[PDB]
Amino acid sequence: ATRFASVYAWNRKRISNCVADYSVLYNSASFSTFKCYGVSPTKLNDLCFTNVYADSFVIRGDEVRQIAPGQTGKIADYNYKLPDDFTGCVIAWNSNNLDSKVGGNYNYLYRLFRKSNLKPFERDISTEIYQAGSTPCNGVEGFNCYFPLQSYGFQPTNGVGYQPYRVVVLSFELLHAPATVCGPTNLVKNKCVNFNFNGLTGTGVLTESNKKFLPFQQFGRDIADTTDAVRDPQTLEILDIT
Amino acid sequence: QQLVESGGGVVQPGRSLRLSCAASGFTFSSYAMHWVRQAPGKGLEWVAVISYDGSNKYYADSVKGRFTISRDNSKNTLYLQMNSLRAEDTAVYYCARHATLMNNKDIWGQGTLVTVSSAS
Amino acid sequence: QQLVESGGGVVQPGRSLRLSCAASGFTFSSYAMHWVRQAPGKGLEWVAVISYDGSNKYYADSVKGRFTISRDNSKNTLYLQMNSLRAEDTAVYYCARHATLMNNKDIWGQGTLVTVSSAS
Amino acid sequence: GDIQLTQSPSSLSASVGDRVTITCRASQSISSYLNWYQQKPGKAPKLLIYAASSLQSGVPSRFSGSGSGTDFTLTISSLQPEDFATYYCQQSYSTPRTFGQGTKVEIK
Amino acid sequence: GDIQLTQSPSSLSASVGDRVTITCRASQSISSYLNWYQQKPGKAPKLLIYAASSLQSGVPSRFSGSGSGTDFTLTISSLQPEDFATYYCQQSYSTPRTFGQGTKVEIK
Amino acid sequence: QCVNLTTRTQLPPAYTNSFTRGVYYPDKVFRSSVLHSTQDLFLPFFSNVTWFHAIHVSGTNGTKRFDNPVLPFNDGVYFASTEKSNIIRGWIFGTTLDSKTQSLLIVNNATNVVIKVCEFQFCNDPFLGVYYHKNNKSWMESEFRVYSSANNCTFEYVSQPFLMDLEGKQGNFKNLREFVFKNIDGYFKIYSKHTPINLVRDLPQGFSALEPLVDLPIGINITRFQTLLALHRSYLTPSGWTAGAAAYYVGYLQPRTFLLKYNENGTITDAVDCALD
Ligand SMILES: *[C@@H]1O[C@H](CO)[C@@H](O[C@@H]2O[C@H](CO)[C@@H](O)[C@H](O)[C@H]2NC(C)=O)[C@H](O)[C@H]1NC(C)=O
């Protein structure tokens, strides 16, 4: 994506009803800090999800260690809060060649203060004045009270610790809802083969067959409630099972 | 990034003249905004605030003429109607912002002349 | 628990000097073991491994001098002979172990000086 | 009542390479809430220092702020031929905000 | 080729009670295989963090590791008068192993 | 929006008798000329089917009667309509018919059906408004005459239009169109059919087999619903609304054991309900 917002107004995209391309995630390998939870990253290729939340933002190259489920520091204190029990992956890389511009990048922002720690996964776009001392400023700025937000200072004159990371966070769950988002061998003809089609499993001799399905159908069956004939998913064809 | 102002002109005293000032580059919406006055040869005198992030309006009691201030946030614009005029207010006005130890957002309009006189 | 080293000293270049390092508390046998180098004012530079649990020997190609490494497992001791010397290797060596996400066994010897020079 | 400012001196005709200390004094104890502006007469007031002790983008350290409480200081150093203009201090402590009367640094 | 390490900064003269972030950057994407060491000059390198995210016996949470991939972080917090020494990061990803050049935290 | 037209129509629901009706294929498995028996939710034969008219002219002059109630889902739902001129688009299926629950909004949109499972705010008299965009002689559809808010949405989908015309036939088809809606096990599945009918209104003796259209990971209980409508605006004649006419058929499903006589080509003609007589 071409434009991530800051952490005071981070973008969130509910994703479901599609398939996961988890391969090139690992094959990318241009990513600085790439960690996961729940169960191992090699294991998550197939172990799949009811409803994922893909939310992304841009933070500094020093504060990204604050992004960890159950830590402190400003981004996890007042800006964006990972929960106490978390599943997803934190994906983090540098975008110094895009974000930090000569003449100064000050598009990006963050919240520096709030009168409590932040509830998990809840943004804070309320840019009203907080009153640290007791003297009421009441919407306008003043004494004992500060402005809530502040920018970052990004230029390519920054060191490597001050480079902008485009942290995208993937968060997962499991419900009574089915695995709506879920990740992914040459067929044998006229030869005894073990097989699986679409999860249907058995062992037989697969042949070409002229029995004619209705389109929506999957299996055929015989009188005996055996699985007699199946249709090849990738290339629709009517395959007997003997 | 940029601030534009409504047109100044010569107005008879006691009248009213709405002041429009539209923003560009970044919104009015997340910030406050101010008005200040510069008479020729005189210092910059603050006039009035606006505070959109709640809603509150503060006026200078030095020039307490009920110069009313409110918004058009969706156009990033701000309206202060010149009420209860008197000739020493004949000056140039600016749309303003104060760096309150946190931001660096002090952006100033181009400046337009309000004139309070019976002679055009 | 504890690692002891063979004696360091001043050796002329091109020569050889076997390095002995004996363990105590727990055996060498079930683990690997390493050697590292510290020149004065220089960082810790890894030298070579030993892997008793099969048998394999890896050397740094940065200092690739056929500094040979093998065992005396029954004495919990390890031998790396200083071969093909050159003066910039004049440093202190350590017997080492790396916590490879599983163990916490990083135990370090006391450190002895190898010196490579024709002047004693 | 209001908070009075005291900008001193209200003008100082200066020369090349000077180090001018334009003082803005305060009637109350203000923490650091004071600013500084560049105005050639007819321009927009270009902010110079924020919170009385911090520089600004585009403006090098030839300007330099310090002070707190009542006493605030504009530390102009190595005075440049473009720096000769009408300048201003600024409270943001309470409401109303007042600005100083201005100090015109000008060529001798 | 070899795997390059990048330890930054290579020194930082510090004060009491600080929170120093000694960064060890990597040329490749290393899973978590990075460590940290205490060395007063002449001592044995006392291991501080293993697998870049786990504390060690005898060493309280004034030290705190995090990071993965290329980016690794030494999170020293509430900096103690005994913690001023020469420190090191460490790969164990491939063969050869390299160590960082060291970061000497020292009294200001 | 939420423009509301209530009217004053209260009447005994005109009933009917589904003779052989509402037999879908409850599997993908292809079977040929066999008698298969399952006990599943169906509309049992010879059942009370509540003919319901969304818009009803009873002639004096005009007098268009907008009656279509919010209706409970109960166990399962059957649907049938003719509508040579389509005035029907989709259904509001839900529970609260409001926020606080999800919402099933299967709106064809009269291009490609956009199936929406979201959280909406459905008005008191929801239906799809249609007007003239004035550009390229086009008729848009104002979709917020149904519902005010659209947000929080859980699911979205698009497909080829379930509702389809043929026409040119000056009747003699009526294009009888049936849709079965069954909500189970996280899959709310849709069924369809298109049939010619020469009879004036009610249903023939023929069998109608309904294939599953899409099996969707839904996960909500739907206890109540109402249909949707397409109306328009007129201009000065002695706001414009009440287009043409509208009537449809509704019946509720029920677990029953049926006998599926699949034909050699895999298609069921004769079905028999065991708990009939
Ligand atoms: C189906 O949705 C309805 C909401 O309309 C739920 O029905 C309610 O169930 C509670 C029991 O927890 C009863 O006390 C209420 O009287 C019911 N409401 C109505 C209008 O009948 C029902 O729980 C939902 N079913 C499932 C499986 O979630």
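Residue numbers (the deposited numbering), protein chains in the order written: chain B, 344 to 527, 531 to 588; chain G, 2 to 121; chain H, 2 to 121; chain J, 0 to 107; chain L, 0 to 107; chain C, 14 to 251, 256 to 294. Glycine included, every Cβ here is placed at the ideal spot set by N, Cα and C.
Under 8 Å between the Cβ atoms of residue i and residue j?
{"i": "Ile210 (chain C)", "j": "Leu179 (chain C)", "result": "no"}
{"i": "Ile100 (chain C)", "j": "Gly257 (chain C)", "result": "no"}
{"i": "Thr259 (chain C)", "j": "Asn81 (chain C)", "result": "no"}
{"i": "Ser31 (chain C)", "j": "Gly268 (chain C)", "result": "yes"}
{"i": "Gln3 (chain H)", "j": "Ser31 (chain H)", "result": "no"}
{"i": "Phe456 (chain B)", "j": "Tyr421 (chain B)", "result": "yes"}
{"i": "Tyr80 (chain H)", "j": "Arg19 (chain H)", "result": "yes"}
{"i": "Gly9 (chain G)", "j": "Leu86 (chain G)", "result": "no"}
{"i": "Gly99 (chain L)", "j": "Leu11 (chain L)", "result": "no"}
{"i": "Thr376 (chain B)", "j": "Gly16 (chain L)", "result": "no"}
{"i": "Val524 (chain B)", "j": "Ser399 (chain B)", "result": "no"}
{"i": "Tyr200 (chain C)", "j": "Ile231 (chain C)", "result": "yes"}
{"i": "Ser443 (chain B)", "j": "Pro507 (chain B)", "result": "yes"}
{"i": "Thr573 (chain B)", "j": "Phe562 (chain B)", "result": "no"}
{"i": "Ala100 (chain G)", "j": "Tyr49 (chain J)", "result": "yes"}
{"i": "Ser349 (chain B)", "j": "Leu452 (chain B)", "result": "yes"}
CB of residue i to nearest heavy atom of ligand 1: below 7 Å?
{"i": "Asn87 (chain C)", "result": "no"}
{"i": "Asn121 (chain C)", "result": "no"}
{"i": "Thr108 (chain C)", "result": "yes"}
{"i": "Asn234 (chain C)", "result": "yes"}
Can you pull the DSSP bridge partners for residue i?
{"i": "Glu132 (chain C)", "result": "C:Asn164"}
{"i": "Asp228 (chain C)", "result": "C:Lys202"}
{"i": "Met83 (chain G)", "result": "G:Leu18"}
{"i": "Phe192 (chain C)", "result": "C:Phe92"}
{"i": "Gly64 (chain J)", "result": "J:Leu73"}
{"i": "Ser31 (chain C)", "result": "C:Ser60"}
{"i": "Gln13 (chain H)", "result": "DSSP output for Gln13 (chain H) lists no bridge partner at all."}
{"i": "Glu6 (chain G)", "result": "G:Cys22"}
{"i": "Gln37 (chain J)", "result": "J:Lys45, J:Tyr86"}
{"i": "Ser10 (chain J)", "result": "J:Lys103"}
{"i": "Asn487 (chain B)", "result": "Its beta-bridge partners do not exist; DSSP assigns none."}
{"i": "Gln55 (chain L)", "result": "L:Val58"}
{"i": "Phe347 (chain B)", "result": "Its beta-bridge partners do not exist; DSSP assigns none."}
{"i": "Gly55 (chain H)", "result": "Answer by DSSP bridge pairing: none, since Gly55 (chain H) is not bridged."}
{"i": "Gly550 (chain B)", "result": "B:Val539"}
{"i": "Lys77 (chain C)", "result": "C:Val70"}
{"i": "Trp104 (chain C)", "result": "C:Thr240"}
{"i": "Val15 (chain J)", "result": "Looking at the DSSP assignment, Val15 (chain J) forms no beta bridge with any residue, so it has no partner."}
{"i": "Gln493 (chain B)", "result": "B:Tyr453"}
{"i": "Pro85 (chain C)", "result": "C:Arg237"}
{"i": "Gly566 (chain B)", "result": "C:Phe43"}
Contact defined as beta carbons within less than 8 Å: I believe residue i pairs with residue j. What is the distance between those atoms, to the nearest angstrom?
{"i": "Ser63 (chain L)", "j": "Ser76 (chain L)", "result": "6 Å"}
{"i": "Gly502 (chain B)", "j": "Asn487 (chain B)", "result": "Going by Cβ atoms, the distance from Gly502 (chain B) to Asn487 (chain B) rounds to 35 Å, so no, they are not a contact pair."}
{"i": "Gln82 (chain H)", "j": "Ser17 (chain H)", "result": "5 Å"}
{"i": "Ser121 (chain H)", "j": "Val11 (chain H)", "result": "5 Å"}
{"i": "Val104 (chain L)", "j": "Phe71 (chain L)", "result": "About 17 Å separates the two Cβ atoms, so there is no contact after all."}
{"i": "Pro174 (chain C)", "j": "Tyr160 (chain C)", "result": "About 21 Å; that fails the 8 Å criterion."}
{"i": "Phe194 (chain C)", "j": "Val90 (chain C)", "result": "5 Å"}
{"i": "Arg246 (chain C)", "j": "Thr108 (chain C)", "result": "No, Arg246 (chain C) and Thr108 (chain C) are not in contact; Cβ-Cβ is about 33 Å, not under 8 Å."}
{"i": "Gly110 (chain G)", "j": "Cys22 (chain G)", "result": "6 Å"}
{"i": "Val36 (chain C)", "j": "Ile285 (chain C)", "result": "6 Å"}
Minimum length 3: unbroken beta strand (DSSP E) runs contained in the stretch 402-443 of chain B | Entirely contained in the stretch 402-443 of chain B, the beta strand (DSSP E) runs reaching 3 residues are, in chain order, 432-435.
What beta strand (DSSP E) runs, 3 residues minimum, are completely inside the stretch 66-119 of chain G?
-> Qualifying beta strand (DSSP E) stretches, in chain order: 69-73, 78-83, 92-97, 113-117.
Whole runs of the beta strand (DSSP E) within the stretch 443-469 of chain B, excluding any shorter than 3 residues = 452-454, all fully within the stretch 443-469 of chain B.
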